[PDB]
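To begin, one chain is listed below as structure tokens, in the form deposited in one PDB entry.
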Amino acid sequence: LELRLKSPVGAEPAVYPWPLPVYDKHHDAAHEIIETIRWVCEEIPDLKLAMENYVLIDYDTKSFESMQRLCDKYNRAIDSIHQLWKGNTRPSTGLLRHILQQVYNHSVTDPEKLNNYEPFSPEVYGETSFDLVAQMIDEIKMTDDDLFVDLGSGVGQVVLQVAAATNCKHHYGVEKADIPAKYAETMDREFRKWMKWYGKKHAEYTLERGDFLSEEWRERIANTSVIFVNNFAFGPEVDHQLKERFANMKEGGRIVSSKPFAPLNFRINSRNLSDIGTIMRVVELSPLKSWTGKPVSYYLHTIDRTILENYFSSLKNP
């Protein structure tokens, strides 16, 4: 009582039990199977030739026999292609969206347990966050010298997306809450397994449980080159403590957030020398400035102590 999908790169097969797991009101494992097959067919043109036309539309998700026949036809077509080949790149954006959703559906079995009613919740990642994170990746252009940290990483979705798209030395996700941090452990295993199944490359990453406001995390923030933080619902105290942590970052250190940490129009004077605006540039970025999603904006902060230095030089030399 199971369905098996052979890996296009010879990794362990994907095994699903029957009856197939139900994900949410509108998605299930049956549709994930058909979409997986269709993605592999795009990835391998020979496979599309080896597979008969009708097979990827003439199926019945409510029938074991029909689902088994679909799986069989794909498995046999993958077998002939492996026969032809007898004789590790980053995933495309479309495949990655599919992989992240697949990883989530296999990891977060109980969605009520998450208790996230907020916008940008793990449950709606594909609809809201995925495209926005992709636009953010294109805008900040990270290299192998960069270290990326998502402060309050939930189930680790942003970290997985960034690790699958960039060549940062390392990507970290830190989450305090027990339930998301526990789900993140499964997300991590499911992501590595599925990426191996597709034969797709990703950078090194770590998902960990912890408080980003802890003593251990003070020096970790100071050594981070790119911080991602959804500070939208942060209270003044968490916001205050975070600014203190950012104050130890290196020149050129960057912070990508949902609310700015300093005003966009900050003008250094004698009365505001204690403000974070004295040591960081801030710009409002928006995909609307070929975006067709929500009219969102995000904030890029760049550590630059010359703001403070130029002010002191202006006072000594008028």
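Take the two forms, find the largest set of C-alpha atoms that superpose within 1.5 Å, and that set is the rigid core. From 1 onward, residues are counted along the sequence shown.
The same protein also exists as the form deposited in another entry; that form is not shown, yet it is the one meant from here on.
Considering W194, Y205, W217, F120, one residue stands apart with a C-alpha shift of at least 2 Å between the shown form and the other one following superposition on the core, and it is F120. The pair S121 and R245 approaches in the other form: their C-alpha atoms are at least 3 Å nearer to each other than in the form depicted. In comparison with the shown form, the Cα-Cα distance of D188 and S121 increases by at least 3 angstroms in the other form.
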